[PDB]
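Below sits a lone chain in structure tokens, taken as the form deposited in one PDB entry.
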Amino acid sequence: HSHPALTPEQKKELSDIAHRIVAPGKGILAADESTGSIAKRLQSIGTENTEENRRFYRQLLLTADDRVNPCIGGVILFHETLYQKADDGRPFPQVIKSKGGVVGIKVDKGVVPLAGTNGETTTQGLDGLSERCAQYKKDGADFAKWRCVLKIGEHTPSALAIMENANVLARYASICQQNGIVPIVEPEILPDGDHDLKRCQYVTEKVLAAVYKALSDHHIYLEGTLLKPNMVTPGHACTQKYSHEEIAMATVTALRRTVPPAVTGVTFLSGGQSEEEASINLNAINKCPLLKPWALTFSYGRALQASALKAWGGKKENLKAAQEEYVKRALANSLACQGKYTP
């Protein structure tokens, strides 16, 4: 028997939000980094992590030139960054929505270990998620982010880790879709270890199949969701070398065997790649000569802002040049999500 989780108006608003995020030429900037991660990236450059420095760095990221307006369609923020204001007086949700962006927020509470496994973790953050998502909906956020961590090892990912992470992702996506917030499913598989394209493609296909079975079990409206996978790439310790079009063929092949075409867009990770190989691999994915019935774009945290952070240097007068760095990468990734990129 059919009891609708969503009225057609809810399905309509979720569909147009998800269509506004992955619009052609546009992608996602991931500024969702919590205090420890931004703290260690500020200690790598040599700046002590305080609240004004974080506000100023995300000010540098968000108040850039308007050439990134048909580049960035969505911005993922932290919980703290929603309630921080720019020096002009506008809050950062208004600063994003002023130039055509969509406000997002990271809503998970980290990873927690699974007992009985070999270093496998599940993820946290389901309690009070309805009230938090309603509050973030009043604060201007239209989509969310939630990250699962899986690793390829000697007998990992096991059935327990894949089943539990898919179940928690589907529960999260149901809670977000009840409040009018587009969920972005991120089943990230770690590039650590020594494994070829074959085992990464196998693991990615099994993980994505279990994720979409869990989404069908939990009555998720697939047109109002986004997918945030990795690119199918070999491990860091793997000695075999692969062309970019081989990685692109493996990625589009693993996506076409699992992902139903009702899903609106696919935004890839950077995932420890360097800043140029992300645009190279995304460009090679968008010229793969297969039929790809969804939006292929980027959701790059580090590969959008690494050069801007390093050319910032922690002092204010470098700002514009730092911003200028970011601008190139944004436009580059825009061409990388249109197949027109050439290094």
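Sequential numbering from 1, following the sequence displayed.
One more form of this protein exists, namely the form deposited with a small molecule bound; it is left out here, but the text below deals with it.
Chemist: Which residue, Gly271, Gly180, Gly140, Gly193, is the contact with the small molecule in the deposited complex, using a 4.5 Å heavy atom cutoff?
Modeler: Flagged contact: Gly271.
Chemist: Pick from 262-270, 167-175, 95-103, 209-217: which stretch has non-hydrogen atoms within 4.5 Å of the small molecule in the deposited complex?
Modeler: Single hit among the candidates: 262-270.
Chemist: Considering non-hydrogen atoms and a 4.5 Å limit, does the small molecule approach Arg147 in the deposited complex?
Modeler: Judged by the heavy-atom cut-off of 4.5 Å, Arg147 is in contact with the small molecule in the deposited complex.
Chemist: With the partner left out of view, is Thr297 within 4.5 angstroms of the small molecule in the deposited complex by any non-hydrogen atom?
Modeler: No, no contact at 4.5 Å.
Chemist: Indicate whether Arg302 is a 4.5 Å heavy atom neighbour of the small molecule in the deposited complex.
Modeler: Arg302 belongs to the contact set for the small molecule.
Chemist: Just to confirm, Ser34 within 4.5 Å of the small molecule in the deposited complex by heavy atoms?
Modeler: Taking the distances in the deposited complex, the answer for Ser34 is yes, it comes within 4.5 Å of the small molecule.
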